[PDB]
Amino acid sequence: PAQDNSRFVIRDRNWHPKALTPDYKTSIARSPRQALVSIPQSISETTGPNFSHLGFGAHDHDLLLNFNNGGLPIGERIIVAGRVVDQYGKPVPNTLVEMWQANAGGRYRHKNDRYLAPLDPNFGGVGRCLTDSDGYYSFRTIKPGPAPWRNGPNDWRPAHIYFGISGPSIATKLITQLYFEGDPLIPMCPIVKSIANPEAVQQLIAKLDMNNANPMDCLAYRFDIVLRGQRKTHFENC
Amino acid sequence: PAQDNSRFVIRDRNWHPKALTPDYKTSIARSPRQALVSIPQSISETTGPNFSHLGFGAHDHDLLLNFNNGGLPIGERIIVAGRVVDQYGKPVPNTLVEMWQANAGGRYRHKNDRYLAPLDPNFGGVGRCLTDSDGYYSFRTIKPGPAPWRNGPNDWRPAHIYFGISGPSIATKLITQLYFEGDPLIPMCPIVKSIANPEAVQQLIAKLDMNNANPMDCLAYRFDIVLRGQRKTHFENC
Amino acid sequence: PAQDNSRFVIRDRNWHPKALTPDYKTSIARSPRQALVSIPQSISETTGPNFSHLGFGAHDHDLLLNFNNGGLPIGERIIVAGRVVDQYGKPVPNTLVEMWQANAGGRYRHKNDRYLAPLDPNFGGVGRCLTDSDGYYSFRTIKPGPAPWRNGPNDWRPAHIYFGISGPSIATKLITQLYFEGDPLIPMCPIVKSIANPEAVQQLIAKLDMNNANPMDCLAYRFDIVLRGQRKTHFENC
Amino acid sequence: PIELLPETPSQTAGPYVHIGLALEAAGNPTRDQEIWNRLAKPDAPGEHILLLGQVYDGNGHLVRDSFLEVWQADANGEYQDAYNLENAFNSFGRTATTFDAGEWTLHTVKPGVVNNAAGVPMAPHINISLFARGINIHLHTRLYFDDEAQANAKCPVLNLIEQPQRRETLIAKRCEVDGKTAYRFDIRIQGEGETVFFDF
Amino acid sequence: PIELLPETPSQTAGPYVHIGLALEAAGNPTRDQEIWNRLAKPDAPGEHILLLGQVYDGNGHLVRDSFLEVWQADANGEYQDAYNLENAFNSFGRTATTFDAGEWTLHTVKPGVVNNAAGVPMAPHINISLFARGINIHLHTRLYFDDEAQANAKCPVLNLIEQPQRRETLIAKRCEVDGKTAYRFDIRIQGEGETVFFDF
Amino acid sequence: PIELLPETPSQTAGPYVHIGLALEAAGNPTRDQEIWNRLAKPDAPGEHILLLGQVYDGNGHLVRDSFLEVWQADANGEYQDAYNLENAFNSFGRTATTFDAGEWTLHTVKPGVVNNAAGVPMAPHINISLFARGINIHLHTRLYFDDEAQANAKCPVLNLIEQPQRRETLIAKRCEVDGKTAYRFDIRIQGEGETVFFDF
Amino acid sequence: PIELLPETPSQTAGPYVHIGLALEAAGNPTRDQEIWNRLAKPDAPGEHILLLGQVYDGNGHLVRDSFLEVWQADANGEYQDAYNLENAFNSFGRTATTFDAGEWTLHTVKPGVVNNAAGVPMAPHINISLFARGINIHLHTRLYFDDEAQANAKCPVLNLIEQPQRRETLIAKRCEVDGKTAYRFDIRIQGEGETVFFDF
Ligand SMILES: [Fe+3]
Ligand SMILES: [Fe+3]
Ligand SMILES: [Fe+3]
Ligand SMILES: [Fe+3]
């Protein structure tokens with residue numbers, strides 16, 4: 001079974017977005033008004049699932065082929081790749097990275113999305129993989145289009161891909177969103193701006209990565225992820 | 001008896017910390033949600049107790065001797081001295097200055113503090129004095145240690161000494177906290193950061209004062225206090 | 001037995017303090033007036049003791065427990081940790097790190113220290129350990145207080161911990177002093193100022209390391225040590 | 001504009017305020033002379049009364065670590081500022097909430113009427129400053145008396161509170177403790193029935 | 001001070017979280033292996049229980065797009081990190097509230113007692129992380145059991161919640177659903193009866 | 001040019017060096033295992049000798065708080081680096097000056113000849129590093145033996161000292177202490193008869 | 001840290017110091033009242049003594065342009081600060097070495113014992129400040145008496161001089177000059193027998 005042998009650097013909750021960020025309107029009623037209660041790390045918090053033996057399908061990481069209904073999806077072919085490390089710079093190998101997104105037109109394949117831009121019959125918008133033994137992941141996909149949404153009267157998400165990362169424990173688990181280098185919608189978005197520190201926002205912007213592109217085929221973006229630093233216990237109960 | 005013969009400069013409640021500063025978690029439920037009601041100064045507000053006839057013990061200002069149980073307290077011997085003036089620069093003589101603090105290890109001599117760092121059998125942590133005829137006060141003590149506290153999961157107060165100052169009226173009375181020059185915990189503290197203006201924070205930082213040290217004996221820190229400006233009434237009721 | 005198989009980068013004796021630094025008064029009569037004589041590295045200089053087979057007691061690195069006379073020492077509980085590397089950035093594993101210091105009040109447990117600040121019956125002030133296989137060391141202790149000394153008429157050492165590090169050879173062995181981030185005594189000290197280059201002084205200042213703290217328990221400081229660069233011999237005797 | 005020296009900024013009195021200002025309550029030995037909660041010696045002029053109350057946070061929970069300072073006129077409407085433990089009456093006092101029950105008490109006399117700066121009588125009142133963990137700058141309020149309805153209705157300070165319903169938060173309720181005349185003055189820092197707090 | 005690489009900042013999981021993380025709940029086609037809400041197969045040792053709940057916003061309205069992740073000990077108080085769909089028990093699972101099914105469910109066993117880092121027993125609990133549109137960083141809570149009153153009263157984690165009335169928000173209510181043992185654990189994100197959320 | 005990481009700068013070992021490195025001398029209890037001044041067990045190979053000396057400042061006064069580290073070949077010209085209190089011989093040791101008489105002692109064997117890097121034999125020597133209050137970076141020297149005149153005259157290290165008169169400062173004087181073979185090696189830090197100190 | 005106004009920096013008194021401060025010694029006309037070398041008139045209580053000395057540079061050569069100021073207790077161990085030429089005793093005086101008269105003289109009484117700030121008796125002493133061309137800031141010393149060996153050995157100031165052989169530099173030598181009690185106190189600014197100088 002799992003053991004309590006490590007501690008995770010405490011989160012900076014002014015680096016993360018705060019709960020109440022009223023320009024993102026849905027946060028107003030979905031933010032706790034009482035303070036979080038701090039608790040010490042125990043085996044409950046410092047362990048978590050390892051997904052080494054989850055069974056992945058051949059195309060689970062390849063959104064150009066994993067919703068194949070007779071053709072390729074329309075839109076900008078891209079690789080999205082990066083490394084997962086902790087705050088001490090240590091790679092996080094064999095960790096679960098899940099992602100989801102809209103199609104090239106900003107339309108999601110979910111019944112609740114009634115945006116008039118059409119669905120793509122060959123695009124589903126869901127991927128997963130494990131990081132390799134050196135902490136690297138890679139997906140192939142279509143660059144998603146900006147998505148309008150009912151926040152302010154003319155609000156549009158920048159092009160974005162949702163990411164979920166498990167890491168070594170439930171204390172490291174994170175959901176975040178990737179944005180794309182240069183997107184002029186980034187500075188305007190109330191969800192991006194839930195993050196108060198502009199340097200933190202920059203950490204979510206994937207960079208064009210020509211080095212990793214396939215010529216005459218697909219471009220590439222690089223998105224590195226940093227999870228909470230993990231250290232050994234020291235001088236406890238003594 | 002007391003008479004109404006002066007007015008006090010209105011407080012800048014953006015220089016002081018605001019009531020609701022949620023990173024200091026206990027402030028969330030202990031902050032009024034309604035606006036303060038402004039009222040004009042009357043004899044009720046412009047008078048207050050004077051403590052010239054309070055009987056002080058010989059060691060009331062000397063924390064190295066006022067909890068003597070067979071030896072001296074362990075820790076950094078320091079004088080803490082300064083001047084109390086009002087905002088016009090006028091000294092505030094014969095005014096009550098009270099102070100209290102943890103010991104060298106950040107442990108308070110209070111039934112509700114169960115921090116594992118030991119109490120010091122020769123340290124109590126309370127002092128009082130009156131300013132002299134020129135506005136100066138002096139205490140001798142041990143430099144307190146940082147104190148961990150149950151706010152965020154790894155929060156530590158900088159070394160600090162609580163101060164209470166009476167001044168000429170109940171309108172001038174103040175409680176504050178003194179911090180020490182250079183302490184790297186100061187920028188991190190959510191109680192310090194309840195003060196929004198960085199220049200106001202600087203006003204709480206005592207400076208090392210070698211000029212006031214006793215060689216081979218004790219160091220010294222200087223902490224000056226500014227109370228609300230006092231002026232005569234003018235052109236009232238006419 | 002030991003063999004001569006490496007060379008060590010020559011010391012910069014303008015980065016180190018010079019011998020004659022007269023503001024540190026005791027240096028005046030204890031500094032050679034003749035030039036040092038340079039000699040080439042031989043087996044005598046490029047070898048030295050390794051301490052992997054020295055027997056360490058359980059608490060040798062833990063000054064909170066290694067002088068236990070019925071309780072814990074009074075003062076600021078801290079971890080002091082860091083890495084020993086050489087000038088090429090290579091970790092120095094299995095190397096001897098020794099440290100010693102005054103107590104929380106700047107009093108040394110030495111027959112020749114008659115400073116009036118009391119000894120702490122549960123504090124000795126000596127630690128030792130070996131770096132681990134990755135070059136890291138760790139001690140637990142009390143933050144020492146400033147110590148007055150008979151140099152100028154009002155001289156006070158900043159809070160400091162003495163360090164001795166063996167390294168791979170007698171050519172690498174070093175004694176130094178660790179100081180603490182922000183201490184306003186550092187710029188004033190004639191021993192600190194024996195080092196002429198301000199950037200060299202900065203290399204002796206340990207940084208507050210919240211990431212390594214034990215919440216509700218102890219703070220932490222990080223102090224990294226750089227020993228002379230070690231390289232293989234090349235093109236000698238030919 | 002003219003900018004004076006800035007005032008030293010306030011900070012919370014913290015959960016250990018009693019070490020410095022309420023020594024017995026901290027669990028600690030007292031000094032010969034302490035500033036505390038008995039403003040009136042038995043033969044001070046006027047009507048001897050007990051004041052007591054509890055302090056509530058925005059969740060309706062007791063604030064068990066409150067510290068309160070009070071300032072009031074004597075029975076003759078005089079502010080006695082020359083603080084002295086030998087005085088028949090001191091206009092100043094201190095109290096704190098018990099950690100178990102969260103209740104503070106003060107032993108005093110009913111204050112006489114004093115005029116505001118325009119010469120208009122104020123209803124009998126006791127000026128209160130509230131300090132605690134979580135309170136970054138102390139809260140000023142006033143305790144008035146429910147058996148002074150006529151005076152209360154004319155008080156130029158109470159009448160600066162725009163809403164009658166909020167004026168009610170400052171009116172202490174006459175009761176009896178151990179058979180003796182008392183007034184209860186509960187403070188609600190936040191939310192339903194929030195006590196009026198003043199700036200001046 | 002020592003400053004490490006900053007953690008990647010959180011963002012909301014958004015209204016379409018189920019397409020990535022709850023495919024069946026999204027009404028979309030599933031892959032061969034999915035991480036879902038059945039932690040225990042019938043053969044798992046321990047007491048088989050159904051957990052269920054609804055999630056409410058600050059206006060008391062149902063949150064119909066929630067995504068929950070859970071982490072719990074097996075019936076012997078051991079965390080099982082080797083996730084495999086072949087296992088009779090997994091310590092980890094996922095569930096969701098949707099427009100069609102506003103009440104999430106989990107099929108599991110009651111967790112055994114686990115000690116904290118100081119060796120003090122914690123009451124049986126399930127660790128929960130809550131994600132949704134409007135939630136910028138996930139909310140951590142614990143589900144405890146109303147039939148473990150003695151253990152709950154002594155839990156070193158519950159006892160870090162200063163107010164007893166807030167501890168009650170973490171206690172699931174035992175019921176029976178189609179003859180099977182169940183517990184309801186509703187979460188109130190904001191306002192009256194607000195569920196305790198943790199930082200660690 | 002290529003600039004590596006700078007070395008950590010030296011500081012004086014201070015007057016209380018013995019707290020950390022010479023525990024008995026500080027007046028303090030020792031640990032089970034200490035690195036000290038008896039390099040050779042009685043049955044170590046070679047000629048057993050006592051080394052002793054006093055250390056003088058530039059005014060000719062004793063340095064009573066010296067601390068010395070030594071490194072020498074065994075009798076067979078081998079450097080024994082695997083430090084162990086159970087070893088018949090350790091190539092490393094430590095000593096300190098007595099505060100009263102200012103005299104240090106070392107119990108060892110006469111070291112065998114070792115070659116320099118060019119293969120030229122060096123005369124028998126013990127490498128010394130001197131630390132004290134007032135010494136900002138330790139002083140390196142060598143102790144050679146007055147009954148090795150022929151070897152000394154050919155030593156490639158001694159011959160790097162330009163002046164014969166200065167070479168004499170490194171030659172320890174054979175004597176007898178308690179009837180046993182000894183060599184005295186006094187160090188003069190500064191001025192008349194100043195001991196040669198090395199850089200390498 | 002707190003930084004006060006800096007002190008005005010010292011400069012050498014220069015070769016012509018006597019024209020400002022030792023007019024008779026400069027061979028220049030004097031004013032009606034001069035501060036000079038007769039601290040005691042014949043009528044002063046205590047033991048009347050002649051003090052004399054020469055001042056040497058680091059090459060052992062006479063300093064023939066020195067200016068000295070002295071400050072001492074009266075025979076009862078009291079410092080007399082009310083300087084007046086009418087007094088039988090003044091605690092302050094001045095003397096000089098010149099080209100014509102290379103040996104300064106003082107006419108005074110032996111000072112009584114004065115306690116230090118901790119109440120410990122200091123041996124009888126005269127405080128001296130030495131100024132000259134080549135001296136950028138004046139040198140402070142003390143003249144003690146060779147016939148006070150017992151007191152000298154216990155003086156808390158002499159005992160701050162770490163080396164006993166340096167204490168001897170502050171001890172004046174009793175002699176007889178024309179049948180009168182005298183003491184010689186030579187000062188060596190630099191090198192062999194260098195006089196102890198103080199900072200305070
Ligand atoms: Fe505090
Ligand atoms: Fe979206
Ligand atoms: Fe020291
Ligand atoms: Fe001139």
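The figures that follow rest on heavy atoms only: side chains count, while hydrogens, waters and symmetry mates do not. Every chain is numbered from 1, with letters handed out A, B, ... down the list of sequences.
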Considering non-hydrogen atoms only, spot the tightest contact between [X] and [Y] and give its length.
X        : Y        : result
C:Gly105 : C:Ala117 : O-CB, 3.6 Å
B:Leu227 : B:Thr172 : CD2-O, 3.9 Å
C:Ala102 : C:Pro144 : O-CB, 3.6 Å
B:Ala200 : D:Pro9   : O-CG, 3.4 Å
B:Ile74  : C:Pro121 : CD1-CD, 4.3 Å
D:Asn28  : B:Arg109 : ND2-O, 2.8 Å

(message) Run B:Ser166 and B:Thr95 through side-chain hydrogen bond (donor to acceptor under 3.5 Å, both in side chains) and show every step you take.
(response) CA-CA 6 Å; B:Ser166 59; B:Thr95 217; 3.2 Å; yes

Is the backbone of [Y] close enough, under 3.5 Å, to the side chain of [X] for a donor and an acceptor to pair up by distance?
X        : Y        : answer
B:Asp155 : B:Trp149 : no
B:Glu181 : C:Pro184 : no
B:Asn66  : B:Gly124 : no
C:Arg30  : F:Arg133 : yes
D:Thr8   : B:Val226 : yes
B:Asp120 : B:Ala104 : no
B:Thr141 : B:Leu64  : no
C:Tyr115 : B:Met216 : no

Do [X] and [Y] touch side chain to side chain, with heavy atoms closer than 4.5 Å?
X        : Y        : answer
F:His18  : C:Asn112 : no
B:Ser138 : B:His61  : no
C:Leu65  : C:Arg140 : yes
C:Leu72  : C:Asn122 : no
B:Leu185 : C:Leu219 : yes
G:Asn159 : G:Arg167 : yes
C:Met188 : B:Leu208 : yes
B:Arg157 : B:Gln177 : yes

In Å, rounded to the nearest 0.5 Å, how long is the span from [atom1] of [X] to [atom2] of [Y]?
X        : Y        : atom1 : atom2 : result
B:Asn103 : C:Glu76  : CG    : CD    : 10.0 Å
F:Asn136 : C:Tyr24  : CG    : OH    : 6.5 Å
B:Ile195 : D:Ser10  : CD1   : OG    : 8.0 Å
B:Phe223 : B:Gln203 : CZ    : CD    : 8.0 Å
C:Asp62  : C:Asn68  : CG    : CG    : 10.0 Å
B:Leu204 : B:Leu178 : CG    : CG    : 8.0 Å

(message) Quick one, D:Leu23 with B:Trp100, criterion side chain to side chain contact (heavy atoms under 4.5 Å, CB included). Give me CA distance, side-chain angles, the key distance, then yes/no.
(response) CA-CA 11 Å; D:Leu23 275 58; B:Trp100 66 100; over 6 Å; no

(request) Answer yes or no: does atom CG of D:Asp32 have more than 12 heavy-atom neighbours from other residues, nucleotides or ligands under 6.0 Å? (result) no

(message) Is it the case that over 12 heavy atoms from other parts of the model lie below 6.0 angstrom from the CD atom of D:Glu34?
(response) yes

Give me the ring orientation class for [X] and [Y]: parallel if the planes are under 30° apart, tilted from 30 to 60°, perpendicular past 60°.
X        : Y        : result
F:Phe99  : C:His110 : tilted
G:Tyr79  : G:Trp71  : parallel
C:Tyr108 : C:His160 : tilted
C:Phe139 : C:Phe163 : perpendicular

(request) Output every pair passing side-chain hydrogen bond (donor to acceptor under 3.5 Å, both in side chains) with a member in residues 209-223 of chain B, not counting sequence neighbours, ordered by first then second residue. (result) B:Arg77-B:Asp217, B:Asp209-B:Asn211, B:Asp209-B:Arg222, B:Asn214-B:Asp217

(message) Does D:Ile35 form a side chain to side chain contact (heavy atoms under 4.5 Å, CB included) with B:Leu96? I'd like the steps, not just the answer.
(response) CA-CA 12 Å; D:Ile35 301 160; B:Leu96 179 65; 3.9 Å; yes

(message) Between C:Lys25 and G:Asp199 (salt bridge meaning N to carboxylate O under 4.0 Å), is one present in this structure?
(response) no

(message) Set out, in order, the CA-CA distance, both residues' side-chain angles and the distance that settles side chain to side chain contact (heavy atoms under 4.5 Å, CB included) for C:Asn151 and C:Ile191, then state yes or no.
(response) CA-CA 10 Å; C:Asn151 192 56; C:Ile191 287 173; over 6 Å; no

(message) Set out, in order, the CA-CA distance, both residues' side-chain angles and the distance that settles side chain to side chain contact (heavy atoms under 4.5 Å, CB included) for B:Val85 and B:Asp224, then state yes or no.
(response) CA-CA 8 Å; B:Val85 302; B:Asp224 292 336; over 6 Å; no

